[PDB]
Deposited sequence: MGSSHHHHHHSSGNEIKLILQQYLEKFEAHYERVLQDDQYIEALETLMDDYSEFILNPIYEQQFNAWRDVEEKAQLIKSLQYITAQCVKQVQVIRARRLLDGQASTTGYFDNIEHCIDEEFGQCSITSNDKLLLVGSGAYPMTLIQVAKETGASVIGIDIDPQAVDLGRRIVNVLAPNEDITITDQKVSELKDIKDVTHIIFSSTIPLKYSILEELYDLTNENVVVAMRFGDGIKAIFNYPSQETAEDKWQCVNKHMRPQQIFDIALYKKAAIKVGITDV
């Protein structure tokens, strides 16, 4: 029964994705409904109760991919359609093409801000969005990896986009690169929330310690803070 609904969503997301690329003018309504489904206790129970390892795992992986691209493409359109304290320095891994949140933090806090994104399109647009929304804020947007960033030791706060598949592989890499007092915020979704997020992982106990795990029954992602 739960299998069916997920198959319907997977088909719809691919259709809405295939479709929105052809014409920017639906998908955003589907995602809102998708959340209501993920956050439903009824379907949280059925999701856990269903233990067909093979067909379940495959369905999560597929929805994880298409929803990640859908969200990624929403920000691309929104961009072209439009077009922590002061001494701290925030690093948002997965800044996106429409970095509105990144802007919000820059204004309220006044901190330095580095955004990285592997998509050259997201970086290219993001920069343009920042130059209109906050040109007089210390906001650097680049396609550099964490290892490439020169002033990586100055970074105090790190946030990860939930929809980054190998976010924990990056977190692993950051230990040696970053200073001793750095704090990391890892967005994730476990259980039924893993169909619109990538899940948490166990960290090397000698490296990263999880000092907080903020679960929210009414929100689409949960948060896990990490220290050294």
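Taking the deposited sequence as numbered from 1, list the residue ranges that were left without C-alpha coordinates.
No C-alpha coordinates exist for 1-14, 40-42, 101-125, 271-280.
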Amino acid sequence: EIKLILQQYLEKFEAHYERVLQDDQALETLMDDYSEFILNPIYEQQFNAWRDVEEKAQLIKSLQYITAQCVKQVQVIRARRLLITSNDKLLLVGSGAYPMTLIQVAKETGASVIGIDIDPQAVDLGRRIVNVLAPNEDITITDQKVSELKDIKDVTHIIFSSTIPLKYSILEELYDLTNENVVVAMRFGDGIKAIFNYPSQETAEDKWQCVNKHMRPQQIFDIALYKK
From here on, numbers count along this sequence of modelled residues.
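Per the record, averaged over C-alpha atoms, which has the higher B-factor: 95-103 or 125-133?
Per the deposited B-factors, the answer is 125-133.
Hey, which bit's got the bigger mean C-alpha B factor in the entry, 154-162 or 68-76?
Stretch with the greater average CA B-factor: 68-76.
For the listed residues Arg187, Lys167, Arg51, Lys193, which one has the largest C-alpha B-factor as given in the deposited model?
Answer for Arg187, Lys167, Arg51, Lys193: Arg51, with the highest C-alpha B-factor.
When the modelled residues of the chain are sorted by Cα temperature factor, does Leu21 land in the lowest, middle or highest third?
Within its chain, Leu21 is a highest-third residue by C-alpha B-factor, going by the deposited values.
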